[PDB]
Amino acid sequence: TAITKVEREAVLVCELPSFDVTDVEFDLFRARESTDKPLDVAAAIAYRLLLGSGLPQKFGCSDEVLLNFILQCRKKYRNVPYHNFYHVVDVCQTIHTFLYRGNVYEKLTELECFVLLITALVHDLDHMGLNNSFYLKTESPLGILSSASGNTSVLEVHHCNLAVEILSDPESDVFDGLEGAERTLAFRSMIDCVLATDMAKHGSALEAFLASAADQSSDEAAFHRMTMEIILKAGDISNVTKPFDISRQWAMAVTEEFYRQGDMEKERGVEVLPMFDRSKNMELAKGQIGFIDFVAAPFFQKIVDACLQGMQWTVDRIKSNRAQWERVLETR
């Protein structure tokens, strides 16, 4: 279904007036509420980041093809509290700051940077606010399909499929200007990055990245790839690296998705983890502190110590968000 000229022009008119999209403290929530067309603003942020980078022009992607691509991604995100178009635009923006303020561009080629920024926008296509466990535990059609076809990353495979479908049309194929090994690397690296977002693979992905970083004779291609996976992973859990108020808003939104899954799980007669249980009302702060201590702090501290020195601010910001959550608890 082609993109109208009207859909494009609506995005193209957006000014972005009091906003620096390149900055680590960019506030997507304030961008949304400053317009009655927040979905067009979101699209314009992605469009301007991408064009502003110089990367699409280097790889033969025209302005029009880029914008069509962004709009075809947008059509496939749903009206869910968290895993929506704003999330992926946020991940794109955040990865941009990791590459260009955190200087991770030093570890990757320009092609890999372009692929990562594009991959951010496809990485949760058609998410329905339900995680992989829901599908496997309820024996839903997608769960059965995954089980029968091998791979337990139900959603990530689904997202890759839709990404491939979008890119198979030349009018939205941001990789159309590539050929041969470069076009293959684009698709293979996109898919690997998206598959690496499944949190069941978190420890394995991290170990593999760290082992590959410690090894000076690492297969360069595989180290580059690992770096891409880790950067998409970092963007995906980057809410805790943001100014506290921004971090808190994302945490409220994800929590609402967890509760809606738990409602759906209860009414299907399946097991509900207490974090998903609306009626066993839980403290936002303990959940954030839990995530920080067991997942995010070691992840970001390790990748920074191992090789990504320029992303030091992420560790500092996690440390200060954690302390703030700890004071929310201490004063209750």
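Rigid core here is just the name for the largest C-alpha set that superposes within 1.5 Å across the two forms. Heads up: residue numbers just count along the shown sequence, starting at 1.
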* Asked: If you line up the core and then measure how far each C-alpha sits from this form in 8 other deposited structures of this protein, which stretch comes out higher, 323-331 or 2-10?
  -> 323-331
* To do: Going by root mean square C-alpha distance after a core fit, say whether 296-304 or 278-286 is farther from the shown form in 8 other deposited structures of this protein.
  => 278-286
* If you average the Cα B factors in the entry, which is higher, 92-100 or 175-183? -> 175-183
* Compare the mean C-alpha B-factor of 68-76 with that of 185-193 as given in the PDB entry, and name the stretch with the higher value. => 68-76
* Asked: Hey, out of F29, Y47, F59, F300, whose CA B-factor is highest in the deposited coordinates?
  -> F29
* For the C-alpha B-factor as written in the entry, point me to the maximum among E229, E220, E112, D198. => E220
* Would you check the entry's CA temperature factor for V304 and let me know if it's in the chain's lowest, middle or highest third? => middle
* To do: Can you work out whether the C-alpha temperature factor of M128 puts it in the lowest, middle or highest third of the chain?
  => highest
* **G203 - Cα temperature factor, lowest/middle/highest third of chain** => middle
* Chain-wide C-alpha B factor ranking for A285, given as lowest, middle or highest third -> middle
* Relative C-alpha B-factor of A148, binned into the chain's lowest, middle or highest third -> highest
